[PDB]
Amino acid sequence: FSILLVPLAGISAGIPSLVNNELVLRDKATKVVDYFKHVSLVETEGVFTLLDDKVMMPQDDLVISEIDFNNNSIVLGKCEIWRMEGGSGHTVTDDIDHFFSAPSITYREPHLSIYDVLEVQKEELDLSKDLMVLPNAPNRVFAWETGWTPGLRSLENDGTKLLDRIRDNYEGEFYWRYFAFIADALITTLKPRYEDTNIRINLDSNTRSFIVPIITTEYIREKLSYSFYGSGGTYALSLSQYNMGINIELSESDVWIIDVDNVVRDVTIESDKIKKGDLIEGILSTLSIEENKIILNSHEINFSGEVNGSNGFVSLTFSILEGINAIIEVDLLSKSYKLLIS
């Protein structure tokens, strides 16, 4: 429960927008820095942060392409930025890079990886907690540009530090702060290019519970798709109000509980928090059970692997009224379901 304890994707990292017919995650140099400052927390705090000892939540907008409960490991996804090329007359004057002819940013395919420059523990992780938010960040390649920005050589924080580290890491290919010809130039705008991203989750034989993150922006939301691979455990999943790409690969004796309380009612967002409205009358009209598929409302759950008596019965659950927990018990084998109240 406590779908209210969990923040909305983008609360910390920021939500990208369209300002001039272009996706822009940040628009002021100062503010760009803070984002990096934010990104850097994966080193400082770790991959996962704990909400109240109970819920493991990945860092906001941290691209994770794999969670493996067998290895206790994760794999980071693509987080790159456009490389520079062709400075002339470079010096280091007063800790600030100087140039006669300023370097040019370019979209040409060799891109620099931000994540590579990061020191993160992605192995021997502590995934003991039963409660875990699924990642909310798709693969991206940041465009950017600089602009003449006086008086920001004073700027120093975990953000400027990471930015500096990227410069040093990719010698003569990245300069976020520099003086050229007349005045000081700084990266002013972060312009992401999100990409289709399949997050893979390899499950152990334990009991695990997953909350789909609430991602309001539709565009970003639909770049993601989760692929679960069960191995004979007990798996719980709270769907968001949003129809998300979910594929479940079935192992022998896989028991799946899918909370659909966000599917069967209208859900809105009021003060940057979920707001559960009234149950859709004739919600069962929207329920379609096909061979290796559950369609409820417009949400889709695809199924792969061996379907039999050990793993064919998946339990969709929500609350028909305040104090009535209903279970839609779907039989994948016979494309039939039934209705209980416990």
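Numbers for residues come from their place in the sequence shown, where the first is 1.
- A summary of the deposited B-factors shows that, of 239-247 and 223-231, the stretch with the larger mean C-alpha value is 223-231.
- Just going by the entry, 76-84 versus 199-207 on mean CA temperature factor gives the higher value to 199-207.
- Comparing the C-alpha B-factors of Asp68, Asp61, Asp278, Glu300 in the entry, the top value falls on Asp68.
- The maximum CA B-factor among the listed residues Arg177, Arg167, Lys129, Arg193, taken from the PDB record, is found at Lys129.
- The deposited CA B-factor of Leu339 belongs to the highest third of values across its chain.
- Sort the chain's modelled residues by C-alpha temperature factor and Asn262 lands in the lowest third, per the entry.
- Placement of the Cα temperature factor of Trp148 within the chain: middle third of the modelled residues, per the deposited record.
- In the deposited entry, the Cα temperature factor of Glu43 places it in the middle third of its chain's modelled residues.
- When the modelled residues of the chain are ordered by their C-alpha B factor, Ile182 lands in the highest third.
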